[PDB]
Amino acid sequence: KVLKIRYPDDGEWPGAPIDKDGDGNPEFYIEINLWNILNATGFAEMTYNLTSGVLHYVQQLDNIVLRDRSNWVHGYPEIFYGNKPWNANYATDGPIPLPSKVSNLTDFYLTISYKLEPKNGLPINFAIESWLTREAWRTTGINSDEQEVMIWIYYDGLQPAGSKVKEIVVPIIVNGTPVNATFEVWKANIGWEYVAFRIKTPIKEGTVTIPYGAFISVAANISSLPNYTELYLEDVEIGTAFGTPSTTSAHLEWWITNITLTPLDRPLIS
């Protein structure tokens, strides 16, 4: 009834599928994903109670030494749907058929209920991201002619890579109320094209619904990549990037109670 993964007990890359009906196709996949930590004292643990659906992350890391300080953040503990293109983990038991070409995929709402508790000023975000690849089912990383799209609905003390492009309005729902929100749009080239949408009014807890195609449409429109609509939207990842090169301790707790993807009768890109 409770799935648990733990760093460092389960190795340096703990992860596991959430497969509540035991059918061999996960509905989501969880990873502690301390991808830029070389060594730390303490632990990080992610539990997932299969009756309530609560995902709970608890992290107490100290003495942190990074694998590469130029990558800035320490890690991105996360839950995702679809095929994460960096590894062989996937989750496809859901209503949206990911991966799919962006030219074929319906728009969808993403609704997340959550609560974040970073300790002592730790720089963090709460970031949803997707990877857009030239092949349907990538598992070996990302190339220069592909894209990372990130949507930050909370942040403290972190700025997206690259430089600010513009601000956009996106109609979202916060705590049951439809609201026009503003997102800054940032663009970088970091080995691949990077586009991040950073909310101007961070939301540290509650229930948030966003229309995914509002973001992908802007990412398409500002992209320098050729044949953008032939890319596959591989996945939707939800997690908290944290840390900076001068952070040596990182204590953080958070909870996610619901993730829902809701299809809409319309194209993703408009």
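Sequential numbering from 1, following the sequence displayed.
Participant: Tell me which of 117 to 125 and 176 to 184 has the higher mean C-alpha B-factor in the deposited entry.
Facilitator: Going by the record's values, the stretch with the higher mean is 117 to 125.
Participant: Would 29 to 37 or 47 to 55 have the larger average of its C-alpha temperature factors, as given in the entry?
Facilitator: Averaging CA B-factors over each stretch, the winner is 47 to 55.
Participant: Just grab whichever of 190, 79, 199, 110 has the top CA B-factor as deposited.
Facilitator: That would be 190.
Participant: Which is it among 75, 99, 85, 157: the one with the largest CA B-factor in the entry?
Facilitator: Spelled out: the listed residue with the top C-alpha B-factor is 157.
Participant: Taking the C-alpha B-factors as the PDB entry records them, is residue 221 in the lowest, middle or highest third of its chain?
Facilitator: Top third by C-alpha B-factor.
Participant: Please say which third, lowest, middle or highest, residue 163 falls into when its CA temperature factor is compared across its chain.
Facilitator: Middle third - that is where residue 163 ends up once the chain's C-alpha B-factors are sorted.
Participant: Ordered by C-alpha B-factor within the chain, which third holds residue 143? Give me lowest, middle or highest, please.
Facilitator: Answer is highest: the recorded C-alpha B-factor places it there.
Participant: Among the modelled residues of this chain, does the Cα B factor of residue 245 put it in the lowest, middle or highest third?
Facilitator: As the PDB entry reports it, the C-alpha B-factor of residue 245 lands in the highest third of its chain.
Participant: Would you check the entry's CA temperature factor for residue 170 and let me know if it's in the chain's lowest, middle or highest third?
Facilitator: For residue 170, whose C-alpha B-factor we compare with every modelled residue in the chain, the answer is the middle third.
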